[PDB]
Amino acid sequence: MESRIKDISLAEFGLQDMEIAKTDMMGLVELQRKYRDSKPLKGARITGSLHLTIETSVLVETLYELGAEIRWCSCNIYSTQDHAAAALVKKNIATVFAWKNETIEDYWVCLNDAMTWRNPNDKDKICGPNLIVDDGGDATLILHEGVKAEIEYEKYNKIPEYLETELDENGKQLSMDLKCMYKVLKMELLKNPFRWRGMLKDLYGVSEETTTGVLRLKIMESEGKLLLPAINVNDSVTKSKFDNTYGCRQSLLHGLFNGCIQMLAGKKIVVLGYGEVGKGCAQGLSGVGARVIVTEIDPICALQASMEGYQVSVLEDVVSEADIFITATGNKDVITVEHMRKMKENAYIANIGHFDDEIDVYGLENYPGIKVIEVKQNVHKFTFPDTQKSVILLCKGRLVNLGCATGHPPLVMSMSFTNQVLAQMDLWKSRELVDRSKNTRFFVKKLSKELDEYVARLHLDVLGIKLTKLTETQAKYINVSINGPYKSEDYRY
């Protein structure tokens, strides 16, 4: 076949893990039971760019049982679970391009391949997906950047110069990711300069999983640059309040335990950013005896951290004394090379944000005279030549829970993924409203509170939760339906 994965012989382990995971993924199990016969997604071509773990394999299985054809890749070079990928290829329910420890070059080739579909009516013609499941916005990015590249290509009838240069606007070296994405774009311009624009015609939407990808979408829609409908899954209550916070509470610890040999108790651990992710990280770290110090730019989030008993400082105030540093900002250049040069001997550094940009990994790796050794797989020790002091970086600054461990557990991933499937169903069912002879610019929407509550209802039995039912008069008293929704749209939970 055409899938590219590490080892098909790992499939049986993957299949058995999926069955065990399904004990807690009650949302996905119910969607399969309810919709596998009617197949609401029949005829949809779905491309997914989302960390391919066992939990993700259950998502793909659900989409498949609902009638979709599927092509998939991971949204990080280190996050794929190879047995999970093998399971999908063995069952033949998706075409997969993913493996743990991809090179950045291979990453962009896998994504591009996941986006490429064969035309059943013409062996020569290529087409794209009808729907995209995205985590971090890379599938959405390559599509929009591809369209922009094709437009610039026609303007001067040549390969745009920005795709051939290794420098950016300010003369600074382009990130490897940008250079590797541009390499793919140049190759596609030479094969067919109408590829990306051609795909737009049959694209009915994208459902985005994480905060960083949603930020990208928000920038696009506020500028009239979003070229397909989008559903923001990150901001469903049953996603952000659970996955982002409670998922990290467990998965950050798992990543640190695997990557960092030291005891966490008693250590000064800096959590940079106290949003939904940072809140969960702090709770987990404190739970095992660490003394958490928070950094924040938001005065409200800073006060919330103080209410939980955490010191709030600017990084420079504590960088020479703290033991471990965890970035959870979704921002860039939060931990610079100059910060690293002042850290104590064998300080640990990790990132849990979507992109590696939070830490200046390139600057560290290219610091003049820096010495590097691999401590264990995906853990590296860097020694500065002047001081002879070392810092230890977990999985090259990539998201540590998925890079050094296996990401969030099945229960919260089922909550996030039940939202994903409902989003895909919504986009597919509404596809006739996508009329590009009338509107070519689109907006981001969220799932209804009714569906959000439904996602929660589907997982109550996993934990033996017994829900109270309102009486008719109580319902009238608080002005709600007995069946919900129970809260106003602006409720913060």
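In this text, rigid core is short for the largest set of C-alphas that superpose within 1.5 Å between two forms. All residue numbers refer to positions in the sequence shown, first residue = 1.
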Exercise. Say the other structures are aligned on the rigid core; which stretch then has the higher CA RMS in 6 other deposited structures of this protein, 440-448 or 454-462?
Worked result: 440-448
Seminar exercise, completed: Core-aligned CA RMS in 6 other deposited structures of this protein: between 164-172 and 329-337 the higher one is 164-172
Problem set entry | Coordinates absent for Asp124 in a third or more of other entries | yes
For this session: Using the B-factors recorded in the PDB entry, average over the C-alpha atoms of 225-233 and of 147-155, then report which stretch comes out higher.
Result: 147-155
Exercise. When the C-alpha temperature factors are averaged for each of 111-119 and 414-422, which stretch ends up with the higher value in the entry?
Worked result: 111-119
For this session: Check the PDB entry and point out which of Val89, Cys281, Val314, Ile132 has the largest C-alpha temperature factor.
Result: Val89
Problem set entry | Top Cα B factor in the deposited entry, candidates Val319, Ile392, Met176, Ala405 | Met176
For this session: Consider only the C-alpha atoms of the modelled residues in this chain, order them by B-factor as the entry records it, and name the third containing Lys183: lowest, middle or highest.
Result: highest
Exercise. Going by the entry, which third of its chain does the Cα temperature factor of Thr80 land in?
Worked result: middle
For this session: Taking the chain's C-alpha temperature factors as the reference, tell me which third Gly137 falls into: lowest, middle or highest.
Result: lowest
Problem set entry | Cα B factor band for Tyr310 (lowest, middle or highest third within the chain) | lowest
For this session: Determine, from the deposited record, the chain-internal third of the Cα B-factor for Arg492: lowest, middle or highest.
Result: lowest
